Amino acid sequence: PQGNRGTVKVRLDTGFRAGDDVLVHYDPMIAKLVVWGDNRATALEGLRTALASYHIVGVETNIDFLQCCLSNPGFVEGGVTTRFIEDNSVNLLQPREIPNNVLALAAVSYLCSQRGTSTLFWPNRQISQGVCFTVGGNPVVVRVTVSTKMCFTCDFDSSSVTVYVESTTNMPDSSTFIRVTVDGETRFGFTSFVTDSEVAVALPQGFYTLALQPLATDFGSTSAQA
Amino acid sequence: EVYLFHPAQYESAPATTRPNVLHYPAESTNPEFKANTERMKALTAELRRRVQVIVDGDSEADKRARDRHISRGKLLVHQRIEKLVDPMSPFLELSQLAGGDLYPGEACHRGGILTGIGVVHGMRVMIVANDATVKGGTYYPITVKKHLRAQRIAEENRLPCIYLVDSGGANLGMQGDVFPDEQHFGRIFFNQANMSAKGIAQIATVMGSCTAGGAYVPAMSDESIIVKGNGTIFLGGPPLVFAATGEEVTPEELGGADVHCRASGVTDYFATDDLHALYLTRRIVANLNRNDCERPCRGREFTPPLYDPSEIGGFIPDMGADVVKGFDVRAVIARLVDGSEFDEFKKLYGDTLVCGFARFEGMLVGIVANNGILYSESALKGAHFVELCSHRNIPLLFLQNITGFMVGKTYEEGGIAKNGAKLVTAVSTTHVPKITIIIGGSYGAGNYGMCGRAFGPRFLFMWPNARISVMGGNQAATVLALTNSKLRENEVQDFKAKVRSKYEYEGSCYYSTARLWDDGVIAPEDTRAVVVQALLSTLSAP
Amino acid sequence: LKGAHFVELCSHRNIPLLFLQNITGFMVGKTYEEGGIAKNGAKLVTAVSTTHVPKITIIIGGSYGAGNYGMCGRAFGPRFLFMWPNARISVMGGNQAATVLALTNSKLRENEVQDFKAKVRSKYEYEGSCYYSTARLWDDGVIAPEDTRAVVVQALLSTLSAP
Amino acid sequence: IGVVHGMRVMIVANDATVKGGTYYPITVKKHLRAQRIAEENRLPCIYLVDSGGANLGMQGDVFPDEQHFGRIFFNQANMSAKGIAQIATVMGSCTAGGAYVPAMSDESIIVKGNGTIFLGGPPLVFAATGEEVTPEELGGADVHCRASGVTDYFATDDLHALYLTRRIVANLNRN
Amino acid sequence: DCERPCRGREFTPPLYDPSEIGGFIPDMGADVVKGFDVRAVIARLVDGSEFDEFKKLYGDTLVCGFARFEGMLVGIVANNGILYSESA
Amino acid sequence: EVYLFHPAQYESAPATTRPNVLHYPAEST
Ligand SMILES: *C(=O)CCCC[C@@H]1SC[C@@H]2NC(=O)N[C@@H]21
Ligand SMILES: *C(=O)CCCC[C@@H]1SC[C@@H]2NC(=O)N[C@@H]21
């Protein structure tokens, strides 16, 4: 959200719109986001909030790196040396953890994207589905059993997550707003964007993008001999 | 003050005042209601447990067979169904519990074959997949019967057929009941050829082996797919060729994918694995030049039932009892049709056969349900209603809970046989789709009057409490005891108990299901859903 | 291929078909499967199944396996089907069944080979006899060879009122 | 020609305030013309029946001919055979020949108080057997809706009858 | 106007430029005529360059398959060499 | 690790991975 907010002023300057393709080795900068407050701490908090709300799907970015830099104690202390990036490389390049709730919600969102108006019904059975993501190069697989009441159960190692989808709404920006009840006691709404390669969820916890397991390029390859 | 309103106001009114809305609230505090609910819950739990043990396997032999199947790079039959159909779509598996306790010493899960109606590229198709983990996929008599039933449904509904073939062939132990007859293994090829002649597409995907007669399945299909490693097609197997010519050949070099895809020309698509085979099957389905819909009208402005189906079992009494209580079938109808709306046809004439109009997800359906003993008036009413629906091309839904007709000199003199014959003729000679569900008991000629299995309904399902027999168990016991004059007074109770036990055993839902007498057992709360799917399957019929 | 072409030729002319079955399966071997024998058998089966002319079949010899299917068996809707008293119908020949079952069954010991073959041959002879088939409505009766012509004529006349 | 549930139908209603609804020759001619239009346009027919019957004063011009009172039943049967729905609502009386109108329809409605259907009226039954019966106990809604089976829908009043007629029209499986 | 009001115009143009089709076409008038793959032509004519080949390994000189032109399904039979019995 | 995807994923895939797409780039040099 750009403009004059409650306590800070946010200004975003970009040369790209939704649907544009950024070509490598030509102007790598996606955008510049400036936040003005009354004190440095307030400006940093506003920048953190604005970066948390900047949702980009399709191109890898350094939003997590910027969040790590902003939350670094050395940066928040005051002025830092030029080699600061080289000084806290291990700390700033820390991997971002993905809880099982995010995996379950992403799988449910992907399945809802697959579903049109058809009813999930198998007599005397729960419909079985599977969604494969890549987490750190690891091919994680989420097995989901879905009932006719639009209630998904996703299975992880010694873990089960129950997600009841109350309603869905297709936003004009090719995205979907989904109201869910996680387990039986956590009701909230979120926004999901499903491509052919990744699933993005804007949860109250933040913004996550999970890459689907890439398809093989030699699927059904019969080169006359082996 | 008199005639102030307009009838359209009553037509569009809240459920409290709309006059064609059935009001049957559950008496949840009634002890009989709780007992009925507990019985229905136990029956449905048993049904789900049996289906689950079929899917997951129970014995260690099943585990070993599944391990062998997986180690060959093969998908399980239900997994093949899941990955062949559209990812989030319904699948109407028909004979889930076929072959249950049918052949002693064999756990013929699903009858060795899975048949269902799926959705591929938005088109409803009939899928028939062999289960290689059941005696190597060999065809039992029940397997042939189930395959023929699937072919019959597909032909009468013009559903394209997909055969996922992995089968050793007919089992030689029971070849007398498998090979020679009209309704035997060759009828599969007869049906396949006749369906292909009628423009109904036949697709075969050879995921495994097909030997001798089974080899006709890929060859007689419009398009066929064979998997490289596991796909073999030959009329004569390696044992036969060795016993004949004294030559040793592996199945791969005899009828493998290379020979049938590069030289023989029997197969049309070369599949590297099961996933590629299913992809090629979907690609074949995609290129059937079948129009999406004859009429683009949707008509999906429907309202769900106003009462929860989950309490239907509260109204269902114990069918197996010395004296069977009666209930109003409308309480069931109120929990199955759109908005619980029901226009009754002759509310005051039949009084034991409820005939009316309703809608399932916007689809208009005529409902004929039993509500007591059939009389001449009830049979006449049913025949007239069936004729009325036939003249309007309205599909018929029969809800069977019938214990025969009314007996007596007066009723026979009034021509009850003639009126029952009128009802039977009306049911038999109609051309509209017919769906029948056994909610109670189907006994004797009354079954015939209510669109039984012999009268060609599109689908027939039984609730777990249902019983089907030539006559009721108590009626059978009483009549057999009275007729048998040889029986001594000292041996009356034992004889009645024995005949009652036999009729209970042979009339149960599972006994009927294992013999393909119905198209599966479904829970009452799922009934509406099932009906909808069945109705949709009939939309492509001519 | 010849049978399929002939059946098509008769179907195009509304000429009724008469099948005389004495069949012991197809030719086995790598060369014959590579040549597409299954495809040609399928062509014959399709031609027999999809024709509309009246069909009458008589089992004069043996009807074994898929060859039966190619020769208008019971499953392919002939108007009438009769068997001679010497006829045998089975999924496979008795000698063929004995040999194949003995070769496949590796559990069977060498000491118990002749008894197993004799038992399976006796079972196939019993279940393949004309009377066994007739008692189960697998055919429309057993007729003597010398009456065959007469029977055919009657059957043909019965089809003259067909639409 | 009216519109019920968005479908065009042909409505034929007797006027009981014109000589008790008795059929003049012009009445028969107009009824036949309505039936002809409905049949050639495949419009479902709704007959709101309240008529004493053919008037005996001009029976020569009403009863016997091709284009006479029996042609109504001929047209009704032939339209029913062609799939064109015939609906009858007995708001009043139908005597003798008119009694065929509810009986030959695909679906029929009779109003409780005022609906009576009989081939022979109370005067005829008294002149024949010497018995006195009221029209209600002879051919009322109860006898024809609970025992006889001639009628299919029991209507409490005119408004309920019209509602049931609309319900019948709603369930014609016409695209 | 139309027997069926369905449109079905959700098609994708060919992924390769037709303007280079001539690059694949050899000189037909020559002492020895070179051979080319007709699929390279098909890829520049059908929707999304998609083509479901019917018997990819049997004919090998007659390419038979399914494709779409602006959403209209069409069966394509193209020559790819000398006709044999298998190709016919 | 074996049979992880669904065939519809390959059906709706970019041109690089969609298996029924003919790939005949021009050898312009
Ligand atoms: C005892 O169980 C036998 C009583 C008779 C059973 C009744 S008679 C009327 C119904 N018709 C029929 O066939 N059985 C029912
Ligand atoms: C011994 O009886 C077995 C020899 C093989 C029988 C032959 S091989 C060729 C024919 N086809 C067939 O099925 N059986 C016959």
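Chains as they are written, first to last, in the deposited numbering: chain A, 378 to 603; chain B, 60 to 601; chain C, 439 to 601; chain D, 176 to 350; chain E, 351 to 438; chain F, 60 to 88. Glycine included, every Cβ here is placed at the ideal spot set by N, Cα and C.
Counting only runs that start and end within the region 158-189 of chain B, where is the alpha helix (DSSP H) found for 4 or more residues in a row?
-> Under the rule that a run must span 4 or more residues, no alpha helix (DSSP H) segment is found entirely inside the region 158-189 of chain B.
Check distances from the C-beta atoms of the region 235-247 of chain D to those of chain B and list, in chain order, the residues that come in under 9 Å.
-> Hits within the stretch: zero.
Quick one: does F/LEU81 have its CB under 7 Å from some CB of chain A?
-> When Cβ-Cβ separations below 7 Å define contact, F/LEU81 makes no contact with chain A.
Could you tell me whether the Cβ atoms of B/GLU446 and B/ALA485 are closer together than 7 Å?
-> For B/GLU446 and B/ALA485, yes; Cβs fall inside 7 Å.
State yes or no: is the beta carbon of B/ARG341 nearer than 7 Å to at least one beta carbon in chain E?
-> Residue-level contact check: B/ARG341 does not touch chain E, since none of the beta carbons of chain E fall below 7 Å from its beta carbon.
Out of curiosity, what's the CA-to-CA distance linking F/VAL80 and E/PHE401?
-> Cα to Cα, the separation comes out at about 6 Å.
Beta-bridge partners of E/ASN429, as assigned by DSSP | Per the DSSP secondary-structure output, E/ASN429 pairs in a beta bridge with E/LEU412.
Going straight from the alpha carbon of C/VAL558 to that of E/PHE404, what length do you get?
-> Rounded to the nearest whole angstrom, the C-alpha separation of C/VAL558 and E/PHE404 is 46 Å.
If the cut is a Cβ gap below 7 Å, which residues of chain E does B/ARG321 touch?
-> Neighbours of B/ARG321 on chain E, chain order: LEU407 and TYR408.
Are there three or more Cβ pairs, one per stretch, closer than 8 Å when the region 418-433 of chain B is compared with the region 453-472 of chain B?
-> With the cut-off at 8 Å, the region 418-433 of chain B and the region 453-472 of chain B touch.
Rank A/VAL542, A/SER600 and A/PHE554 by C-alpha distance to the C-alpha of A/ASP560 and give the top, closest one.
-> Cα-wise, what sits closest to A/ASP560 is A/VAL542.
Distance cut-off 6 Å: C/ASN533 Cβ against heavy atoms of ligand 2 = Yes.
Would you check whether ligand 2 has a heavy atom nearer than 6 Å to the C-beta of B/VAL589?
-> Because no heavy atom of ligand 2 lies under 6 Å away, the Cβ of B/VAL589 does not count as near it: no.
Using a C-beta to C-beta distance shorter than 8 Å, which residues of chain A count as neighbours of B/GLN459?
-> Against chain A, a Cβ distance below 8 Å from B/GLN459 picks out nothing, because the smallest value is about 19 Å.
Closer than 9 Å at the beta carbon, the chain E residues around B/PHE329 | What B/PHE329 touches in chain E: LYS406 and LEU407.
Determine the direct distance from the alpha carbon of B/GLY314 to that of A/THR586, and round the result to whole angstroms.
-> Spanning the two alpha carbons is a distance of roughly 48 Å.
Tell me whether B/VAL466 counts as near ligand 1, meaning its Cβ is closer than 6 Å to at least one heavy atom of that ligand.
-> At least one heavy atom of ligand 1 is nearer than 6 Å to the Cβ of B/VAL466, so yes.
Give the range of the alpha helix (DSSP H) segment to which B/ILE201 is assigned.
-> Where B/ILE201 is concerned, the enclosing alpha helix (DSSP H) stretches over 200-216.
Within the 7 Å Cβ cut-off, does A/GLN590 reach chain B?
-> Output row for A/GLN590: interface = no.
Across which residues does DSSP place E/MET422 in a beta bridge pair?
-> Paired residue(s): E/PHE419.
Same chain, Cβ closer than 8 Å to B/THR331, neighbours up to 5 away in sequence not counted = Same-chain partners within the cutoff: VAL286 and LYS287.
Which of helix, strand or coil does DSSP assign to B/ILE247?
-> Taken through DSSP and simplified to helix, strand or coil, B/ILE247 comes out as helix.
What are the start and end residues of each continuous beta strand (DSSP E) run of 3 or more residues lying completely inside the region 233-321 of chain B, in chain order?
-> Every beta strand (DSSP E) stretch that sits fully inside the region 233-321 of chain B and reaches 3 residues is listed by chain position as 261-270, 282-286 and 291-293.
Assuming C/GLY503 contacts B/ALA271 under a Cβ cut-off of 8 Å, what Cβ separation, rounded to an integer in Å, is found between them?
-> About 6 Å separates the beta carbons of C/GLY503 and B/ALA271, which is inside the 8 Å limit, making them a contact pair.
Exposed unless 16 or more other CB atoms sit within 10 angstroms - verdict on D/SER280 | Only buried fits D/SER280, as 16 or more other CB atoms lie within 10 angstroms of its CB.
Taking 6 Å as the line, does the beta carbon of B/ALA302 fall inside it for any heavy atom of ligand 2?
-> Yes - ligand 2 has a heavy atom lying nearer than 6 Å to the Cβ of B/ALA302.
Go through the region 76-153 of chain B residue by residue and report every complete run of the alpha helix (DSSP H) that reaches 4 residues or more, in order.
-> The qualifying runs are 90-115, 119-130 and 136-143.
CA nearest to the CA of B/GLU241, picked from C/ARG517, C/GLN592 and C/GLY531 = Taking only the C-alpha atoms, the option nearest B/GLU241 is C/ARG517.
So C/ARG559 is in the alpha helix (DSSP H); what residue range does that whole segment cover?
-> It spans 552-566 - the alpha helix (DSSP H) in which C/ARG559 sits, taken as one unbroken run.
Count the other CB atoms, across all protein chains shown, that sit within 10 Å of the CB of B/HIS443; report buried if there are 16 or more and exposed otherwise.
-> Label assigned to B/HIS443: buried.
Selected residue, minimal CA-CA separation from residue 25 of chain F, among A/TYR431, A/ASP573 and A/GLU562 = In the structure as shown, chain F begins at 60 and stops at 88. Residue 25 of chain F is therefore absent and cannot be evaluated.
Cα-Cα separation, A/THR553 to D/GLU215 | Looking at the backbone, the Cα of A/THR553 and that of D/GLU215 are separated by about 53 Å.
Just tell me which of D/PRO200, D/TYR328, D/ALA345 and D/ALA213 has its CA closest to the CA of D/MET254.
-> The alpha carbon of D/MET254 has as its nearest neighbour, out of D/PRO200, D/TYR328, D/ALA345 and D/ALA213, the alpha carbon of D/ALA213.
Using DSSP with H/G/I as helix, E/B as strand and the rest coil, what is F/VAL61?
-> In the three-state reduction of the DSSP assignment, F/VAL61 falls in the coil class, being assigned neither a helical nor a strand state.
Would you kindly report the start and end of the unbroken alpha helix (DSSP H) that includes F/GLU70?
-> That run of the alpha helix (DSSP H) goes 66-70.
Taking C-beta to C-beta, are C/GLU565 and B/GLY235 nearer than 7 Å?
-> Cβ distance < 7 Å, so C/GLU565 and B/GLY235 count as in contact.
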